[PDB]
Amino acid sequence: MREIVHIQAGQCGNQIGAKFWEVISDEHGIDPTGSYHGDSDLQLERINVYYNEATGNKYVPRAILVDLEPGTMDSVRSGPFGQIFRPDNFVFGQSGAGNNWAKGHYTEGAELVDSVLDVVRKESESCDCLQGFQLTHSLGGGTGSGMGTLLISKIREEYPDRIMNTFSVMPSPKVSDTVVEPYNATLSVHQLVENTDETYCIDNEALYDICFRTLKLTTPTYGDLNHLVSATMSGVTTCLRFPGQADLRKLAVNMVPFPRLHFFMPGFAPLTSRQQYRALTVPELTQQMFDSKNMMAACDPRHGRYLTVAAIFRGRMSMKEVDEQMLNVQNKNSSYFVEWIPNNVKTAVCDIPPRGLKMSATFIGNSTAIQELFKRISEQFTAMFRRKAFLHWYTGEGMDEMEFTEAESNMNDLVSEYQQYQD
Amino acid sequence: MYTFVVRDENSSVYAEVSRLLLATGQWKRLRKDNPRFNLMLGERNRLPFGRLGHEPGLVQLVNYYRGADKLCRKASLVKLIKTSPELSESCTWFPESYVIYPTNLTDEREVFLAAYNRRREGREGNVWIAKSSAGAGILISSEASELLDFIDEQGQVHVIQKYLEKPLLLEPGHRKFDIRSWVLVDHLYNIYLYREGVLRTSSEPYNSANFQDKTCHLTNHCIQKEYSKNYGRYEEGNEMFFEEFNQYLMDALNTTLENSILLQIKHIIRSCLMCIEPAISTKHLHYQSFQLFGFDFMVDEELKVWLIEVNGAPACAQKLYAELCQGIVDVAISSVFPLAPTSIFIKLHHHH
Amino acid sequence: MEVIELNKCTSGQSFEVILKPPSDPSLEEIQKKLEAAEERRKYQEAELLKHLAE
Amino acid sequence: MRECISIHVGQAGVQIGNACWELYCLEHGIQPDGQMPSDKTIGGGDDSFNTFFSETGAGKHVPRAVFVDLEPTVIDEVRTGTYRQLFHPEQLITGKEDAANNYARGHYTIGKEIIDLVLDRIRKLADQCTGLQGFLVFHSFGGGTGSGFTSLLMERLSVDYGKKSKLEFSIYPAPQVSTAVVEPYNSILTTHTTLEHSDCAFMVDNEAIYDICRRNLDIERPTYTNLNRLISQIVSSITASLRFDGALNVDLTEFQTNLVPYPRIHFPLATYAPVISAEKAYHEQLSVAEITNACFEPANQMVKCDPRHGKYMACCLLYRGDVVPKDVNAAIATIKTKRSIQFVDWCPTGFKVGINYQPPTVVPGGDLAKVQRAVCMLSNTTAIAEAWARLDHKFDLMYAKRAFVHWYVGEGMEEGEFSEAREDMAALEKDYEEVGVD
Ligand SMILES: Nc1nc2c(ncn2[C@@H]2O[C@H](COP(=O)(O)OP(=O)(O)OP(=O)(O)O)[C@@H](O)[C@H]2O)c(=O)[nH]1
Ligand SMILES: Nc1ncnc2c1ncn2[C@@H]1O[C@H](COP(=O)(O)OP(=O)(O)CP(=O)(O)O)[C@@H](O)[C@H]1O
Ligand SMILES: Nc1nc2c(ncn2[C@@H]2O[C@H](COP(=O)(O)OP(=O)(O)O)[C@@H](O)[C@H]2O)c(=O)[nH]1
Ligand SMILES: O=C(Nc1ccccc1)Nc1cccnc1
Ligand SMILES: [Ca+2]
Ligand SMILES: [Ca+2]
Ligand SMILES: [Ca+2]
Ligand SMILES: [Mg+2]
Ligand SMILES: [Mg+2]
Ligand SMILES: [Mg+2]
């Protein structure tokens with residue numbers, strides 16, 4: 001009984017988190033009312049990892065919904081699986097965060113953080129053996145970014161020896177709500193460097209390009225982008241939710257050779273456009289899974305090197321054929337894998353495929369190429385900070401320019417740290 | 001796409017093989033410390049055989065046979081011939097040799113003196129040569145006192161073997177020579193002899209009354225090109241090839257290279273490699289080995305072939321680099337890693 | 001090729017064939033290592049909490 | 001009769017322990033409910049099988065075993081499996097969260113809190129022994145429990161049972177059946193702190209067991225069940241002398257006397273033959289010479305290496321089935337004249353031979369086929385040092401960059417313990433070279 005506590009904060013965080021529970025609920029056979037209706041015992045074997053068991057064989061997700069405005073979480077509650085979430089687990093304010101990290105981290109967020117921790121403490125107290133936490137949020141807004149990282153700092157204080165895992169949507173100018181997103185992202189990235197064991201980097205530009213060039217969606221919507229995140233979140237957590245020949249701490253021990261370089265690039269395959277019925281072969285599944293176009297951090301892996309790689313194959317397939325194709329990609333591109341971590345490419349199989357797919361593959365890479373992402377954010381940050389543009393939104397909340405200069409240096413440090421291991 | 005590493009930057013042979021491998025567009029070179037390789041062109045000394053054949057999904061091949069040093073070491077070869085029943089002590093194609101350790105360190109000193117005194121008493125030619133693997137350091141003399149006293153002044157094991165006092169002399173010139181034969185042994189332990197050999201000839205007339213000046217006694221390519229004043233006189237680079245040498249054996253001796261010499265060389269090569277096969281074969285090993293060998297022979301005036309030594313990291317004559325190196329890629333590397341004639345070798349069939 | 005020490009019973013036998021002749025930390029110290037590591041964990045955790053308090 | 005207590009630490013040890021006791025019961029005719037019809041001494045007796053089994057008044061034959069794991073999922077199988085009835089709850093110890101493949105975590109963080117409980121349970125089994133010989137410890141190198149907690153348990157056992165022998169069955173890490181990148185760290189850490197506490201260690205390389213299962217049993221992708229059933233066969237062959245009437249390797253001391261002349265070099269190489277697929281139409285039964293000759297084929301060794309380029313210090317031939325000394329000696333003569341077998345000059349060129357007339361027992365419905373005669377050779381070659389070399393090289397690759405070291409330091413381990421443990425291995429490799437190479 002290795003329970004995980006799930007938290008979703010802010011607009012992006014609650015919308016992506018909502019679809020996530022919708023996706024995995026279908027996989028485990030939990031209907032929108034929390035009643036099981038599957039046909040395999042594999043669906044319930046690891047069910048207590050994300051679900052609490054209530055009276056009458058009901059399964060209630062172990063999730064806490066958090067926001068500084070009611071709007072999004074009202075949509076969640078009215079959504080399809082809205083009734084599945086614990087009504088107590090809705091914690092929200094009325095002020096909003098105005099896409100302001102300072103409002104989420106110091107002012108508006110600070111007034112509400114204690115009540116969120118009261119719900120977290122309640123869910124952890126009823127865990128037989130709590131693995132750790134996972135947070136879904138964006139870094140470009142105010143609540144998920146500012147208050148999300150505030151929650152992490154306070155959760156690590158109360159649970160210092162638990163694993164802290166996040167799914168973090170990185171802002172992109174091509175899919176942008178406000179011009180201050182590089183400010184909020186740089187401020188959050190330093191928090192994650194300090195207070196997370198694993199962070200799954202999700203670039204909204206990668207999701208957009210994938211929806212446009214690959215999926216062939218003329219005008220992608222946030223809904224379309226979230227379908228990709230839902231699929232990917234389901235793939236990376238397959239190790240945790242189903243029986244297989246792994247706990248968060250074990251995953252971290254094999255993915256993180258250095259404490260600060262714990263930012264992962266996820267990947268998914270297939271990514272087909274509506275030729276959608278064609279069977280996908282193991283070689284095809286592998287070739288796409290490692291293809292940059294299939295990756296969601298918007299970083300070319302052929303610009304850096306892989307410290308560690310974890311691939312998860314789902315569905316009934318030839319495990320011998322899986323090993324042959326994986327060992328073929330390494331032995332055909334070993335120049336992009338660091339040679340001082342022997343066997344840094346692992347592979348796992350799962351017999352239950354996603355909904356509507358004969359077999360899929362999910363990619364988890366700890367690549368030094370991730371530095372290009374932080375580089376983009378840093379450049380966009382300095383483009384404005386050098387002119388102190390838009391700072392008044394943050395200084396009016398109590399912040400000082402110094403805190404910005406330090407976040408600027410902290411991120412540039414992070415880039416230099418990735419750079420040394422790339423050579 | 002196959003992958004290979006290069007761990008011996010000084011090998012002229014595999015420098016060309018690597019150049020040929022990349023010219024096919026189907027072989028990729030990795031850093032010398034990358035373990036995910038199919039082929040390793042390994043180092044000469046302390047090659048880490050123990051780390052080969054442990055990569056999941058990789059068939060790995062190395063250009064050296066672990067344990068072949070028993071054959072390519074001066075004292076090792078002597079001990080191997082004297083202790084192996086397949087070769088026996090009465091080996092008719094290997095000069096009477098003895099392993100002698102300097103007195104500052106089993107040893108065959110007394111056994112050598114016994115056979116030495118017998119020759120001295122029987123009016124027989126008693127000229128021996130003392131050499132070692134640590135030389136560029138060779139001494140030729142008919143007095144055992146000088147041979148032994150020369151080894152003690154050194155600090156490494158040496159070998160004293162009978163000096164061929166009646167070598168076959170090429171004319172014109174009256175000059176000594178040795179024969180280099182390149183042999184390739186693949187992973188299946190097929191023994192392939194390169195059809196092209198080289199005679200490394202002495203450009204100085206053979207003088208049996210003065211072993212002090214070793215220019216006409218040592219046919220080494222470096223000794224002739226450094227201390228010999230007639231280098232390149234009769235043949236380019238003191239290197240006569242088989243076509244010319246066979247034509248000479250016909251005009252002068254009314255015989256051929258195949259009958260008078262090559263049959264003995266092929267017999268010697270089989271006997272040596274078949275002997276150690278059970279000890280170095282990789283037939284049931286988790287990795288595969290192949291290796292190029294350099295056999296050096298001497299021919300006496302009776303047209304009897306003698307084995308001098310075997311080289312485990314041989315070089316090749318300039319004119320034969322392209323042909324032989326390509327041949328290595330064909331039967332040793334591509335036979336294990338195929339790509340997407342009239343063979344240049346001579347298969348010496350044998351019982352495994 | 002000599003056989004020595006032939007022992008036979010109802011469920012088997014054993015013998016030796018010769019082909020050629022020849023030619024701690026105390027309990028106190030273990031507890032110190034354990035407690036020393038526990039002290040280094042406590043110190044690091046304290047610095048983490050000290051960091052979070054700032 | 002003197003008792004032997006088996007201890008199973010971590011997932012590998014527990015599952016391999018489950019497979020061995022399954023075999024022990026089939027071999028001694030013990031049913032899943034612990035009853036043994038052939039035992040005419042009810043509730044007692046000092047027979048050879050009593051070295052591994054105690055007896056209750058009700059006639060139940062209970063293994064002298066303890067299972068330890070920092071997580072319950074693996075030991076719960078034993079509790080609810082076929083032989084659930086054999087053991088009682090005191091024998092099975094399970095924590096609630098494992099060591100995360102972290103040696104420091106299993107040895108220090110978690111080990112400190114559970115060591116005294118394990119010792120208490122082991123003492124309970126010891127108190128039933130009238131003359132305990134020592135312990136057999138089953139564990140993996142790569143697991144955080146198998147590596148980290150085993151080395152702590154071995155340090156305390158030497159304190160609490162100073163005069164007792166301690167043998168190991170250790171699982172050498174193989175990438176083909178591992179998802180952990182830090183196993184070279186754990187292996188070297190546990191070999192360092194366990195070296196002076198173990199009198200004899202039988203290493204099994206999963207890579208070797210893996211290929212034997214694909215090659216001989218024709219299993220394209222072997223599972224841990226396939227691996228463990230084959231490993232328990234070798235373990236059975238090694239411990240048979242302790243559980244059956246005999247005169248060779250009759251107690252744990254004899255293992256060190258017969259196999260380990262120099263203390264630090266206590267890692268014998270195991271070679272087993274034949275391994276025939278039960279799915280075969282029907283196999284030709286191999287002779288004494290044929291199976292004996294197979295003991296010098298790398299394909300049947302529990303650790304892939306080349307004994308032709310090492311030196312033997314000892315050599316045992318353990319036969320099971322239709323075998324007579326006349327045939328063993330005949331095959332031995334034939335192998336010397338054909339094989340490269342070089343002993344050290346300070347050891348005799350000989351072979352200790354044991355023959356048990358009962359042929360190998362195969363688990364019904366398993367993968368192995370019934371054979372009329374089998375043999376396990378235990379030889380102490382310097383060639384097994386190839387295994388330490390491989391492992392030490394992987395260690396060096398990561399440690400040069402300090403990759404993953406923070407996980408260990410974070411559990412209270414000092415970084416200097418890495419280099420200390422690595423120099424010990426470097427010295428162990430130098431010991432082998434001094435003994436085997438000229
Ligand atoms: N032969 C065999 N090897 C196993 C088995 N289980 C695990 N292993 C090997 O053991 C290594 C992993 O260590 P584990 O024993 O699983 O870890 P542990 O001892 O339970 O310690 P933790 O880290 O706390 O889980 C890998 O190399 C596996 O291949 C098994 O049942 N049979
Ligand atoms: N017993 C012997 N009788 C006559 N000549 C001999 C001899 N032993 C060596 N030589 C001469 O020495 C030369 C080669 O010596 P040797 O081969 O032992 O040294 P080396 O190994 O440095 C040369 P390489 O390795 O290229 O064959 C030959 O040209 C040969 O003429
Ligand atoms: N992928 C994805 N990104 C989103 C979504 N909604 C907002 N974002 C991104 O998140 C950032 C804005 O953060 P937001 O969640 O709205 O701020 P918050 O509500 O205060 O936490 C911008 O970079 C948006 O592009 C969504 O539904 N999906
Ligand atoms: O120009 C401004 N900031 C700036 C300019 C250059 C460099 C750094 C900072 N601020 C401003 C301008 C006009 C009204 N109010 C404020
Ligand atoms: Ca307020
Ligand atoms: Ca009894
Ligand atoms: Ca002891
Ligand atoms: Mg918004
Ligand atoms: Mg030479
Ligand atoms: Mg475990």
Side-chain angles (χ1 to χ4, degrees), chain A residues 249 253-254 256-259 340-342, chain C residues 24-45 47, chain D residues 9-10 70 98-115 139-159 168 170 173 180-198 201 264 388 391-430:
Chain A
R249 175 169 293 108
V253 163
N254 295 308
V256 190
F258 308 102
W340 38 271
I341 297 182
Chain C
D24 291 330
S26 65
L27 186 61
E28 172 192 23
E29 301 167 332
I30 296 174
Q31 282 300 324
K32 293 172 186 176
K33 298 172 185 175
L34 294 181
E35 290 172 1
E38 183 183 33
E39 215 60 31
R40 285 184 294 268
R41 277 193 312 278
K42 291 185 174 185
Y43 177 87
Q44 301 161 23
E45 172 156 316
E47 296 305 327
Chain D
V9 179
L70 305 187
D98 61 53
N101 293 324
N102 188 339
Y103 173 94
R105 199 168 163 90
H107 182 97
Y108 299 92
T109 310
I110 298 173
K112 178 175 180 292
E113 296 297 334
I114 195 186
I115 180 57
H139 71 99
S140 63
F141 277 176
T145 313
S147 70
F149 178 70
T150 293
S151 73
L152 174 61
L153 182 54
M154 301 280 298
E155 286 184 336
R156 292 289 294 269
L157 288 185
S158 298
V159 176
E168 290 181 84
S170 305
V181 184
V182 303
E183 296 196 48
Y185 283 168
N186 296 333
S187 299
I188 279 171
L189 292 169
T190 192
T191 296
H192 174 51
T193 58
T194 307
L195 199 53
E196 273 289 84
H197 301 279
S198 190
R264 288 169 61 84
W388 302 126
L391 208 53
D392 287 336
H393 182 59
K394 285 181 185 180
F395 180 102
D396 288 349
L397 284 175
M398 291 185 298
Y399 195 66
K401 314 290 181 303
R402 293 306 191 276
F404 305 97
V405 174
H406 68 278
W407 290 108
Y408 296 82
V409 175
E411 299 292 352
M413 207 178 76
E414 300 187 279
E415 195 180 78
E417 182 158 357
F418 278 88
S419 55
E420 185 187 282
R422 180 62 182 88
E423 298 170 20
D424 195 359
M425 300 307 302
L428 182 64
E429 278 188 272
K430 185 172 176 179

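Only this structure's heavy atoms are used, side chains among them; waters, hydrogens and symmetry mates stay out. Within every chain, numbering begins at 1; the chains are lettered A, B, ... in the order of the sequence lines, protein sequences first and strands thereafter.
- For D/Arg156, the side chain to side chain donor-acceptor pair (under 3.5 Å) criterion is met by D/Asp116, not counting sequence neighbours.
- No side-chain N or O of D/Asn101 forms a donor-acceptor pair with one of D/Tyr185 less than 3.5 Å apart.
- Using a 4.5 Å heavy-atom cutoff, the side chains of D/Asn186 and D/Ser140 are not in contact.
- Contact of the D/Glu420 side chain with the D/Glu414 side chain is not registered, since no non-hydrogen atoms from C-beta on lie closer than 4.5 Å.
- Across every non-hydrogen atom of D/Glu417 and D/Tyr103, the tightest pair is OE2-CE2, 4.2 Å.
- Shown here for D/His197 and D/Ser158, the closest heavy-atom pair between the two residues is ND1-OG, 3.0 Å.
- Side-chain contact check for D/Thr191 versus D/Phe141: some heavy-atom pair is nearer than 4.5 Å.
- Between the side chain of D/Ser147 and the backbone N or O of D/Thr190, no donor-acceptor pair lies under 3.5 Å.
- Contact annotation: the side chain of D/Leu397 never approaches that of A/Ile341 to less than 4.5 Å [non-hydrogen atoms, C-beta and beyond].
- Take C/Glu35 and apply the side chain to side chain donor-acceptor pair (under 3.5 Å) test, not counting sequence neighbours, and it matches no residue.
- D/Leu391 is not listed as a side-chain neighbour of D/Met425, based on a closest heavy-atom distance of 4.5 Å or more.
- The shortest heavy-atom contact between A/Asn254 and D/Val182 is OD1-N, 4.0 Å.
- Judged purely by atom type and a 3.5 angstrom limit, C/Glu29 uses its side chain to pair as donor or acceptor with the backbone of C/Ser26.
- D/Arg264 meets the side chain to side chain donor-acceptor pair (under 3.5 Å) test with D/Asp424, D/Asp431; sequence neighbours excluded.
- Closest approach of C/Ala37 to D/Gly412, counting heavy atoms only: CB-O, 3.1 Å.
- Between D/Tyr108 and C/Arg41, some side-chain heavy-atom pair lies under the 4.5 Å cut-off.
- In this structure, the side chains of D/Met398 and D/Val181 come closer than 4.5 Å at one or more pairs of heavy atoms.
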